[PDB]
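For reference, the structure is listed below as structure tokens.
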Amino acid sequence: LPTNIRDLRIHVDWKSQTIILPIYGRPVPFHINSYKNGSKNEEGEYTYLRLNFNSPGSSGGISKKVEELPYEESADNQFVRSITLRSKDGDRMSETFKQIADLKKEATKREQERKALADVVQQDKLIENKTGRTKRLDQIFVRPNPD
Amino acid sequence: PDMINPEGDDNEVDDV
Amino acid sequence: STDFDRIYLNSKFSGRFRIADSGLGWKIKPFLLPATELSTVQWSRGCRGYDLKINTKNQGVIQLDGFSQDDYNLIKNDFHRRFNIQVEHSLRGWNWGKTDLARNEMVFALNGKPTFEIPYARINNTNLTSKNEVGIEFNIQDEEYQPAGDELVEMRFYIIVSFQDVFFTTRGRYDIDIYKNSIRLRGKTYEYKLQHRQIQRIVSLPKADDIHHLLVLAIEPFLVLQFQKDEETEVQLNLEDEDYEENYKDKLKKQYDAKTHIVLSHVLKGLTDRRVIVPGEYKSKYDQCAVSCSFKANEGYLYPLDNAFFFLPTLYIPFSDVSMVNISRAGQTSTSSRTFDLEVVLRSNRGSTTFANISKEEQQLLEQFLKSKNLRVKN
């Protein structure tokens, strides 16, 4: 569950690397890697905060490109682009907006894990020599070891 | 630990 | 039945509910939900506001909130007698999804898991682009600072009197309209709502060359609007001939032809119902109305008035608020060309402001104005 049962104020979590947004009283979950960036604007007493998500045309400069999260999962799927809201009635939008920027480190970790999925072709299963003796040496050093 | 060369590696002395 | 005064419904405050055998009565304007109109129950603890989430066939979703965790054994106890319906969204949080246009909602189904269902009652405007980008702009009915809470403005997805061409500095070109008790600023940047009670003061000043006028509206910091001297066009109000006399307290007629900046200032004075501050009659060097000076590595115009000095960030130094003033000058051959400085210190906010680059004639005019105003000049 969330930090509180009521969600009048926007609360953001960092352990799960994800956020929950009430879309006019309806909560929906979003990922930090699914969100691109955010910005704020102030005009007089009005405050408008926009959060742009990661999608085709926003995460990538050229549309219909190759993206590991959006396009490699489904290259022809509907995606959300951005959302906008107003937090002018309360001086607590900065504390919630700091957690979205703190989630960018987890988004970069998710991107590093996605780039760690490359070179999928690996070694096959190895059967040990059970046919009697095995040939060995002593006093052997190995250079690319992590020792 | 790295062994860049078998013959010897850098002394790591500061540049005057 | 049960009665509770802490039931929250609809960007607003809480309301009241009444259970009955014939239906449900929700009072904020009483509303009746019949038992034959409910279709499904989506009450679950996976989302915030753990209460019943009922679906109705009357183009609305009963998203009632403000119920305890022990009410699920109680309210469903009222459901097994007649409805006999057991209450069982999306938790993946991935960007992948599918948009489906329902009869009155927009289903966001992320591989069989619906996430969003927005009714069309709260929708205000929709826009589309050539790249199949859909943007829905809404207007949440904010009533007070406490009861509004967080509110949404725009959602994007990928698949009386009004004015036009108005240049503002607090910077760009947009449009402004006057509502019955509010003002809406619309443009390519953003949409803003301004209250008449939030507006405090309105002033109009000229430039040094008298080619443009600056209208400063201080609302509690100050919005500055620059207008040309050739703006002489007539405006009209879309209102009744008898209702406008009561609305504006007969201050101005429905049709009037004058300067547009003067008409806007008169409309602001009529709406605010406060006295305006006219520019002073004091003349600077070469018949100027203001003095140019450097502050925060920016050139700005400082002009005195009857009770305050306005420097155009835009600052206002009151005569009563400023505790003391002082003048500093050095001895050199270049002392006659913008070398003297004037520093004013105020103990109300504990702040000192120093304006440098003042010539001999400008300092003499400032000293004459201070001697006329009998201000405390420290030496």
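Within each chain, counting starts at residue 1; across the structure tokens, chains are named A, B, ... in the order shown, with ligands numbered 1 upward in that order.
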
For the interface of chain A with chain B (cut-off 10 Å, counting only C-alpha atoms), please tabulate each contacting residue of chain A alongside its nearest pair of atoms and their separation in Å to one decimal, rows sorted by chain and increasing number, as a tab-separated table.
```
residue	atom	partner	partner_atom	distance
A:143	CA	B:3	CA	7.9
A:144	CA	B:2	CA	8.9
A:145	CA	B:2	CA	9.6
A:146	CA	B:2	CA	9.5
A:147	CA	B:1	CA	8.2
```

Checklist line | All strand (DSSP E or B) positions in chain A, as a PyMOL selection string | finding: chain A and resi 12+18-22+27-31+35-43+46-53+78-86

Checklist line | Residue hits in chain C, query chain A, radius 6 Å, only C-alpha atoms, as a list in words | finding: residues 48, 49, 93, 94, 95, 96, 97, 98, 115, 145, 150, 151, 152, 153, 154, 155, 156, 157, 158, 159 and 192 of chain C

Notebook entry, point to check: Residues at most 7 Å from range 106-120 of chain A, counting only C-alpha atoms, excluding those fewer than 2 positions away in the same chain, as a VMD selection string?
Noted result: chain A and resid 17 32 to 33 68 103 to 104 122

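Within 10 Å of residue 337 in chain C, once only C-alpha atoms are used and residues closer than 4 positions along the same chain are dropped, the contacting residues are residues 333, 357, 358, 359, 360 and 361 of chain C.
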
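Here CA of residue 323 in chain C stands at a distance of 14.0 Å from CA of residue 373 in chain C.
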
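Picture a line from CA of residue 125 in chain C to CA of residue 47 in chain C; it runs 28.0 Å.
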
Margin query: Quick one: residues within 8 Å of residue 175 in chain C, only C-alpha atoms, excluding same-chain residues fewer than 4 positions away - as a PyMOL selection string?
Written below: chain C and resi 162-166+185-187

Shell of 6 Å around range 12-19 of chain C, only C-alpha atoms, local chain residues under 4 positions omitted, as a compact mmCIF listing (two decimals) with N, CA and C atoms, in the first residue's frame:
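Contents of part06.txt, freshly written:
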```txt
# COMPACT_ATOMS: atom_id res chain seq x y z
N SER C 1 -29.38 1.33 8.19
CA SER C 1 -28.61 2.32 7.43
C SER C 1 -27.52 2.94 8.30
N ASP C 3 -25.02 6.73 8.74
CA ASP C 3 -24.83 8.13 8.40
C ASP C 3 -23.43 8.56 8.82
N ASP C 5 -20.53 11.92 8.17
CA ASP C 5 -20.27 13.26 7.66
C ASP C 5 -18.85 13.42 7.14
N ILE C 7 -17.43 11.58 4.47
CA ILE C 7 -17.31 10.88 3.19
C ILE C 7 -16.85 11.88 2.14
N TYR C 8 -15.73 11.58 1.49
CA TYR C 8 -15.14 12.47 0.50
C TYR C 8 -15.53 12.01 -0.90
N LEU C 24 -29.00 4.87 -3.12
CA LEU C 24 -28.02 5.61 -2.34
C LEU C 24 -28.27 7.11 -2.51
N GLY C 25 -28.27 7.85 -1.40
CA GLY C 25 -28.45 9.28 -1.48
C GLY C 25 -27.20 10.05 -1.09
N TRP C 26 -26.55 10.69 -2.05
CA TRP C 26 -25.32 11.43 -1.80
C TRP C 26 -25.60 12.92 -1.86
N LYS C 27 -25.29 13.63 -0.77
CA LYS C 27 -25.53 15.06 -0.67
C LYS C 27 -24.20 15.77 -0.47
N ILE C 28 -23.97 16.81 -1.26
CA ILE C 28 -22.73 17.58 -1.17
C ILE C 28 -22.79 18.54 0.01
N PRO C 147 -9.75 23.45 0.27
CA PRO C 147 -10.54 22.34 -0.28
C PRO C 147 -10.13 21.91 -1.68
N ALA C 148 -9.34 22.71 -2.41
CA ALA C 148 -8.96 22.34 -3.77
C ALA C 148 -7.96 21.18 -3.77
```

Margin query: I need the residue nearest residue 60 in chain A from this list: A:92, A:125, A:15, A:36. Use only C-alpha atoms for the distance.
Written below: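 For residue 60 in chain A, the nearest of the candidates is A:36.
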